Structure formats: structure tokens, C-alpha cells
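Colleague: Pasting in a structure now, in C-alpha cells, and then I'll have a few things to ask.
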Amino acid sequence: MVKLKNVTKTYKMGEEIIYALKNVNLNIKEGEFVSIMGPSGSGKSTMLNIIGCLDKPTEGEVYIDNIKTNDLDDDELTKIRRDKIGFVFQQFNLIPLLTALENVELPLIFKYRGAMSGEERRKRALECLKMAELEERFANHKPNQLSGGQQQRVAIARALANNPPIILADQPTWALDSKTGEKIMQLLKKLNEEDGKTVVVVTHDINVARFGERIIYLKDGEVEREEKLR
Amino acid sequence: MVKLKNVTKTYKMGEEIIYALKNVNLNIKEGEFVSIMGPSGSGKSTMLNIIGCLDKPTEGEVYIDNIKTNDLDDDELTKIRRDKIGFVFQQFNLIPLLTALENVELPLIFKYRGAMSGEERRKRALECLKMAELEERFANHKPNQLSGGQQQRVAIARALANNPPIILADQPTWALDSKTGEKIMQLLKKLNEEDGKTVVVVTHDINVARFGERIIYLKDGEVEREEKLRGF
Ligand SMILES: Nc1ncnc2c1ncn2[C@@H]1O[C@H](COP(=O)(O)OP(=O)(O)O)[C@@H](O)[C@H]1O
Ligand SMILES: Nc1ncnc2c1ncn2[C@@H]1O[C@H](COP(=O)(O)OP(=O)(O)O)[C@@H](O)[C@H]1O
Ligand SMILES: O=P([O-])([O-])O
Ligand SMILES: O=P([O-])([O-])O
Ligand code: NA
Ligand code: NA
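In C-alpha cells, the structure reads:
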């Protein structure tokens, strides 16, 4: 479902060359639940961004759902992201002037597949907020009126909106207390097992990572090791 | 060193009045290390913001280092903040077009009354970054050129920059791996114990909270309970 082939991502600063990812190889099958761990700065977000088609590798190839994404133009890339990927951003990246509900509806507007009526769209957005454990009474808050953890749940709900086959979550429980975070992880487990979604979670919480079938560890931009869990 | 007396903070959302905090009473002694925990949305940030003079209660009194703050103006509160408080924001609140080093120099220079040399600006700021466990090679990166956890360490360093008597930290390890986070907490312990700094940390990590001598639990905007981690 996801393949990274000899992927490198470099940054140039002055005369210094930085390898955020260095010749990485990764193969995530359809319906797999995979967790990604490693020290702050090891390249975890870079990797997720590349999988999520939000950044392009400097060298290497990327395949999403059997589609080579490298040489695609932004129109095709936008389409692939919207169709294939639900992305939970580490810092949420909500639209400040839209309510929580509106933020979740936004992807449904541009699904570019089939049109929903307004009622159908609002109904789906609400279902996603409920799945993401956000109380309906917060649906009309704007992001600046929500706590960090409430915002995180809006970001989670938005990722689920278009019912994508692939969920990419960057530290999706960081702003949540243990109990609420556990509910989120049980949801990902359910979507993975019952709905066959491919799930990739970056995390610093070993307890979170343990929901995955395996844990991939990065270190200084390279895959250090993998631990099989099941 | 910090007192909240019958502090309430409300927000009006339509015809409904929401209580972020409700009739809370809190006394934090000089040099105490206190942790605050509680469910997402229970009022922790609001509490820390009020302690940090970043927001005012709707009702009640706040005292910082003996000074009553709840009736001060924006200008006046800023002067107290700059002198007495180092604040680590939950989402960092760094300045985008400044390097990590420059971000750290801001509060240093805003508080410092005199004229600090360009070379010594860099010197103190680098020392803050090192305490915050960020490698020197990242000093010249801008926030958008850093990972989340690297940004968090810049935010931590910035809180250190004014050598404040009070450090207030909102989930200061969330973006960090366990080992790096442990170092940050060890740093807080050292500042608290060796230098007598008053430290208040909001956290969802019980291991983090245990660095405190007390844990205050919030629920629905009120103090649910208190746990004393040292004898009395
Ligand atoms: N735009 C950039 N320019 C230079 N270096 C960058 C840039 N973006 C990220 N990096 C660096 O790449 C590394 C990996 O970051 P990621 O955000 O990829 O790390 P992680 O998610 O594991 O914490 C970091 O050391 C970071 O400083
Ligand atoms: N500007 C605001 N307008 C309306 N409600 C707010 C606003 N800011 C915070 N709140 C609400 O106050 C409550 C507590 O906020 P917060 O202090 O951020 O909780 P915590 O830090 O424990 O997650 C939340 O329910 C939140 O939605
Ligand atoms: O604030 P929070 O939601 O708890 O993170
Ligand atoms: O630093 P980080 O990215 O959070 O790991
Ligand atoms: Na990350
Ligand atoms: Na908060």
C-alpha cells in the first residue's frame, strides 16, 4: 500500500548539507498498522510528510496505493492526497476562521469524487467529531476557542472525513490525557481491523506504538531497526 | 510566591456562560515544584496563563511575589511577566522569521535593563539552548526548519533566558522522546533545588508530574484533588 524506495531528503544550509532522511527503504502493506518511533529530529515527520505527499524526496521513489507519486503535478498530487490519505498534523493546522465542524466539512467539499448535499456533509462531519471523541457542544467553537487536545481531536476528525484508505497520524495523542488518548487508539485499531485501513502512527509514547503490528525506529535519518509485535 | 484566591475565568459562547476555572484557590510557595494534571479541557492552560500574567481572572485575586496582579493593566502585567516569569507555551509560540538563537535572545534583551553586547547576547542565548538540550548546530535554524521537539527545546530555552524566579511550563516534554524529556525534567529539578526557582508544570505524563512535590488535579474547571509527594 505504501513503498519508499531509496528515499533521501536533504536540506542545504550555507555550505552545510543536512540529511533528514538518508537512503530509506520502507514497505507498508495494505491494512497494516505500523508505528514509527525515534529521537526528536530523527526524521519521523519528514518520512510521514513524504508518505503523505506533502513533501517530495530529494532522491528516490514513492508509491501510494500502487501509484508512483514522484513525477506527478500538483493537481494530480492534490487529488491523490484527498482520495487516498487522511493526515493528522502534529500541530493540527486548523483554519482559524472556520469552526471545528466547518474545518471537518472542508475536505468533504473537495473530495472530487461524488457530491454530498449540505445535510449529508454536516452529518458526516459530526460523525467524525464523535469518532474523534469531541463533544458535540464544541462543534461550533473556532480553533482559538478550543484547548490543545480539543483541537487535536478536530484534526483527527478532519483526517477521517473523506474515509480515506490510508491514515497518517503524527503524534495523534500528544495533547490528550491517557484515557482520551486510549479511546483514539482504540478507534484506529477498529478502523484498521474492521475497515481494513492502512494506519501509520508517529509517536513518542511506547504505549501508543504498541497498537501497531510493528514499530519502525529511526535514528539520524535512517531506519535503525524494526520490532515485530504480533 | 503565587496565590489564586477565589479565581474564576468564564467565556460567553452564545447565551451560555462557560467556566474555564471556577472558584479555585491555590497557594504555591516560593521554590516549590508543583505539577498540574487533568483531562483535556479541564482548565490547566487557563490556570497557568493566569499565574503567568498572560490572562486575568473574570473574578478573584491573583498575587505574584506578593504583588497583586489581577487589577494591573496590560503594560503593567508585561513588566511583571518580563521580570518574574519564564513561560513554556504548549504550542511554543516562536517567532517565525527569527533563528532559534534569536528567538531566545528576545526575552533576555527585553528584561535586561542595560545595553548588552552582540557577542554576549549570543553567549547567554547559546547557554540557554544547551541547558534545553538542543545541539548548537541548530541555533541558526528558523522554527520552520526545526522538528517539533527541537522547537519545544527552543521554547524551553526562551523561558530560561530572563533567569526568572518562576518557570511555568505547559506540557514541556510532549514533543520529546523519553530520554530527552528526562533531561529536561532533570534540568527543572536542578533549577528548583539548586537555584530556588518556583516551578509549575502542566502535564499528561505521570512520570513528569512526579518530579513535583505536589500534584494538583483539575476537573471541569475546579480543583478535584491534591496529591502530596513529600511528607507533611
Ligand atoms: N526546512 C529544513 N531545513 C533544514 N533542516 C530541516 C528542515 N526541516 C527539517 N529539518 C531537519 O530535519 C530533521 C528531521 O526532522 P523531522 O521533523 O524530520 O524529525 P522528527 O520528526 O523525527 O522529530 C531535523 O533535525 C530538522 O532539524
Ligand atoms: N477563548 C475561549 N472561548 C471560549 N472557550 C474557551 C476559550 N478558551 C478556552 N476555552 C475553554 O475553556 C476550557 C479550558 O481551557 P484550557 O485551559 O485550555 O483547558 P486545558 O488546558 O486543561 O486543556 C475548555 O473547555 C476550552 O474550550
Ligand atoms: O489542553 P489539553 O487539551 O489537555 O492538551
Ligand atoms: O521532535 P519530534 O519531531 O516531536 O520528535
Ligand atoms: Na514529529
Ligand atoms: Na492546554
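Each protein sequence line maps, in turn, to chains A and B.
Under the entry's author numbering, read the first sequence as residues 1 to 230, first letter to last.
Under the entry's author numbering, read the second sequence as residues 1001 to 1232, first letter to last.
Ideal Cβ placement from N, Cα and C applies to all residues, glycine included.
Can you give the Cα-Cα distance for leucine 1094 of chain B and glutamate 1105 of chain B, rounded to whole angstroms?
Modeller: Against the second sequence, residue 1094 of chain B aligns to sequence position 94. Against the second sequence, residue 1105 of chain B aligns to sequence position 105. One C-alpha to the other measures close to 12 Å.
Colleague: Taking only the alpha-carbon atoms, compute the straight-line gap between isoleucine 1028 of chain B and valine 1034 of chain B and give it to the nearest angstrom.
Modeller: The residue given as residue 1028 of chain B occupies position 28 in the second sequence. The residue given as residue 1034 of chain B occupies position 34 in the second sequence. Using only the alpha carbons, I get a separation of about 8 Å.
Colleague: Any heavy atom of ligand 4 closer than 7 Å to the Cβ of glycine 41 of chain A?
Modeller: Taking the first residue of the first sequence as 1, we reach residue 41 of chain A at position 41. Yes - ligand 4 has a heavy atom lying nearer than 7 Å to the Cβ of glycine 41 of chain A.
Colleague: Less than 8 Å between the C-beta atoms of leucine 129 of chain A and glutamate 136 of chain A, yes or no?
Modeller: Looking up residue 129 of chain A in the first sequence gives position 129. Looking up residue 136 of chain A in the first sequence gives position 136. Cβ atoms of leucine 129 of chain A and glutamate 136 of chain A: closer than 8 Å.
Colleague: With a threshold of 7 Å (Cβ to nearest heavy atom), would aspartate 1170 of chain B be considered close to ligand 6?
Modeller: Residue 1170 of chain B sits at position 170 when you count from the first residue of the second sequence. Yes - ligand 6 has a heavy atom lying nearer than 7 Å to the Cβ of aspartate 1170 of chain B.
Colleague: Quick one: using the 10 Å Cβ neighbour count with 16 as the cut-off for buried, is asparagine 1006 of chain B buried or exposed?
Modeller: For this step, residue 1006 of chain B is matched to residue 6 along the second sequence. Exposed, since its Cβ has fewer than 16 Cβ neighbours within 10 Å.
Colleague: Closest by CA to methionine 185 of chain A, which one among A:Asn66, A:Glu133, A:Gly148 and A:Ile85?
Modeller: Your numbering for residue 185 of chain A matches position 185 in the first sequence. Of the candidates A:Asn66, A:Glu133, A:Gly148 and A:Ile85, the one whose C-alpha sits nearest the C-alpha of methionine 185 of chain A is A:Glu133.
Colleague: At least one CB of chain B closer than 8 Å to the CB of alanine 155 of chain A: is that the case?
Modeller: The sequence position of residue 155 of chain A within the first sequence is 155, counting from 1. With 8 Å as the cut-off, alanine 155 of chain A does not count as an interface residue toward chain B.
Colleague: Using the C-alpha atoms, what's the distance from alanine 1125 of chain B back to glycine 1114 of chain B?
Modeller: Translated into the one-based positions of the second sequence, residue 1114 of chain B becomes position 114. Translated into the one-based positions of the second sequence, residue 1125 of chain B becomes position 125. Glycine 1114 of chain B and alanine 1125 of chain B: Cα-Cα distance of roughly 16 Å.
Colleague: So which residues of chain B does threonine 99 of chain A contact, with C-beta pairs closer than 8 Å?
Modeller: Within the first sequence, numbered from 1, the residue matching residue 99 of chain A stands at position 99. Going along chain B, no residue has its Cβ under 8 Å from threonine 99 of chain A, so there is no contact; the nearest lies around 11 Å.
Colleague: Nearest-angstrom Cα distance between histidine 1204 of chain B and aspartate 73 of chain A?
Modeller: Here the question's residue 1204 of chain B lines up with position 204 in the second sequence. Here the question's residue 73 of chain A lines up with position 73 in the first sequence. Rounded to the nearest angstrom, the two C-alpha atoms are 42 Å apart.
Colleague: Taking the beta strand (DSSP E) that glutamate 16 of chain A falls in, what are its first and last residues?
Modeller: Walking along the first sequence from the start, residue 16 of chain A turns up at place 16. 16-28 is the span of the beta strand (DSSP E), which, as asked, contains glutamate 16 of chain A.
Colleague: According to DSSP, simplified to helix, strand and coil, what is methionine 47 of chain A?
Modeller: Here residue 47 of chain A refers to the residue found at position 47 when the first sequence is read from its first residue. Residue state, collapsed to three classes: helix.
Colleague: Since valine 1062 of chain B and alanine 1159 of chain B should fall inside the 8 Å C-beta cutoff, what is the C-beta to C-beta distance between them, to a whole number of angstroms?
Modeller: For the purposes of this step, residue 1062 of chain B is identified with residue 62 of the second sequence, where counting begins at 1. For the purposes of this step, residue 1159 of chain B is identified with residue 159 of the second sequence, where counting begins at 1. Incorrect: roughly 20 Å between the Cβ atoms, too far for contact.
Colleague: Could you check if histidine 204 of chain A belongs to the surroundings of ligand 4, using beta carbon to heavy atom distance under 7 Å?
Modeller: Here the question's residue 204 of chain A lines up with position 204 in the first sequence. Within the cutoff, so yes.
Colleague: With H, G and I counted as helix, E and B as strand and the rest as coil, what does DSSP make of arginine 230 of chain A?
Modeller: On the first sequence, residue 230 of chain A is found 230 positions in, with the first residue counted as 1. Coil at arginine 230 of chain A, not helix or strand.
Colleague: Identify, in the order they occur along the chain, each residue of the same chain with its Cβ nearer than 6 Å to the Cβ of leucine 188 of chain A, setting aside the five sequence neighbours on each side.
Modeller: By one-based count along the first sequence, residue 188 of chain A stands at place 188. The answer, listed in chain order, is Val199.
Colleague: Using a Cβ cut-off of 8 Å (strictly closer), state whether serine 45 of chain A contacts chain B.
Modeller: Numbered from 1 along the first sequence, position 45 holds the residue referred to as residue 45 of chain A. Yes, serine 45 of chain A lies at the interface with chain B (some Cβ there is under 8 Å from its Cβ).
Colleague: Kindly examine ligand 6 and report whether one of its heavy atoms sits closer than 7 Å to the Cβ of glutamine 1090 of chain B.
Modeller: Taking the first residue of the second sequence as position 1, residue 1090 of chain B is located at position 90. Yes, since a heavy atom of ligand 6 falls inside the 7 Å radius drawn around the Cβ of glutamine 1090 of chain B.
Colleague: Cβ-heavy atom distance between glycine 52 of chain A and ligand 5 below 7 Å?
Modeller: In the first sequence, the residue the question calls residue 52 of chain A occupies position 52. Result no, Cβ not under 7 Å from ligand 5.
Colleague: Would you verify that the beta carbon of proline 39 of chain A is, or is not, closer than 8 Å to some beta carbon of chain B?
Modeller: Your numbering for residue 39 of chain A matches position 39 in the first sequence. It does; some Cβ of chain B falls within 8 Å.
Colleague: Using a beta-carbon distance below 8 Å, is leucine 191 of chain A in contact with chain B?
Modeller: Sequence index remark: in the first sequence, residue 191 of chain A carries index 191 (1-based). It does not: the Cβ of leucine 191 of chain A has no partner Cβ on chain B nearer than 8 Å.
Colleague: Relative to the alpha-carbon of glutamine 1151 of chain B, which residue among B:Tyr1011, B:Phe1092 and B:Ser1042 has its alpha-carbon at the smallest distance?
Modeller: As a first step, residue 1151 of chain B is located in the second sequence; it is residue number 151 there, counting from the start. It is B:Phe1092 whose Cα lies nearest to the Cα of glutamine 1151 of chain B.
Colleague: Less than 8 Å between the beta carbons of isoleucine 1109 of chain B and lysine 1084 of chain B, yes or no?
Modeller: Counted from its first residue, the second sequence places residue 1109 of chain B at position 109. Counted from its first residue, the second sequence places residue 1084 of chain B at position 84. Contact flag unset, no.
Colleague: Can you grab the Cα-Cα spacing for the pair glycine 31 of chain A / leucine 191 of chain A, in whole Å?
Modeller: On the first sequence, position 31 is the one that residue 31 of chain A refers to. On the first sequence, position 191 is the one that residue 191 of chain A refers to. If you take the alpha carbons of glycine 31 of chain A and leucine 191 of chain A, they lie about 9 Å apart.
Colleague: What are the start and end residues of the alpha helix (DSSP H) that includes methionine 1131 of chain B?
Modeller: By one-based count along the second sequence, residue 1131 of chain B stands at place 131. Run containing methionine 1131 of chain B: 1118-1131, per the alpha helix (DSSP H) assignment.
Colleague: Should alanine 1100 of chain B be counted as a contact of ligand 4 given a C-beta to heavy atom distance under 7 Å?
Modeller: Here residue 1100 of chain B refers to the residue found at position 100 of the second sequence. No, Cβ of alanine 1100 of chain B sits at least 7 Å from all heavy atoms of ligand 4.
Colleague: Hey, would you say the C-beta of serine 178 of chain A is under 7 Å away from at least one heavy atom of ligand 6?
Modeller: Looking up residue 178 of chain A in the first sequence gives position 178. False, no ligand heavy atom lies under 7 Å from that Cβ.
Colleague: Relative to the C-alpha of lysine 12 of chain A, which residue among B:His1141, B:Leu1021 and B:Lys1228 is closest?
Modeller: In the first sequence, counting from the first residue as 1, residue 12 of chain A sits at position 12. Ranking B:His1141, B:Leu1021 and B:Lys1228 by Cα distance to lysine 12 of chain A puts B:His1141 first.
Colleague: Work out the CA separation of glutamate 1213 of chain B and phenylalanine 1232 of chain B for me, nearest whole Å.
Modeller: Numbered from 1 along the second sequence, position 232 holds the residue referred to as residue 1232 of chain B. Numbered from 1 along the second sequence, position 213 holds the residue referred to as residue 1213 of chain B. Whole-angstrom Cα-Cα distance: 11 Å.
Colleague: Does DSSP put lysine 1111 of chain B in a helix, a strand or coil?
Modeller: Looking up residue 1111 of chain B in the second sequence gives position 111. Three-state result, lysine 1111 of chain B: helix.
Colleague: Would you please verify whether the beta carbon of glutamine 1090 of chain B is less than 8 Å from any beta carbon of chain A?
Modeller: Along the second sequence, read from residue 1 onward, the residue named residue 1090 of chain B stands at position 90. Cβ-Cβ to chain A under 8 Å: yes for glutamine 1090 of chain B.
Colleague: Apart from the five residues on each side of it in sequence, which residues of its chain come closer than 6 Å, Cβ to Cβ, to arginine 230 of chain A?
Modeller: Sequence index remark: in the first sequence, residue 230 of chain A carries index 230 (1-based). The answer, listed in chain order, is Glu213.
Colleague: Around the C-beta of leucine 1101 of chain B, are 16 or more other C-beta atoms found within 10 angstroms, so that it is buried, or is it exposed?
Modeller: For the purposes of this step, residue 1101 of chain B is identified with residue 101 of the second sequence, where counting begins at 1. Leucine 1101 of chain B comes out buried.
Colleague: Less than 8 Å between the CB atoms is what I'm expecting for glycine 1052 of chain B and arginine 1081 of chain B, so what's the real figure, rounded?
Modeller: Taking the second sequence and counting its residues from 1, one reaches residue 1052 of chain B at position 52. Taking the second sequence and counting its residues from 1, one reaches residue 1081 of chain B at position 81. Rounded, the Cβ-Cβ distance is 7 Å, consistent with contact.
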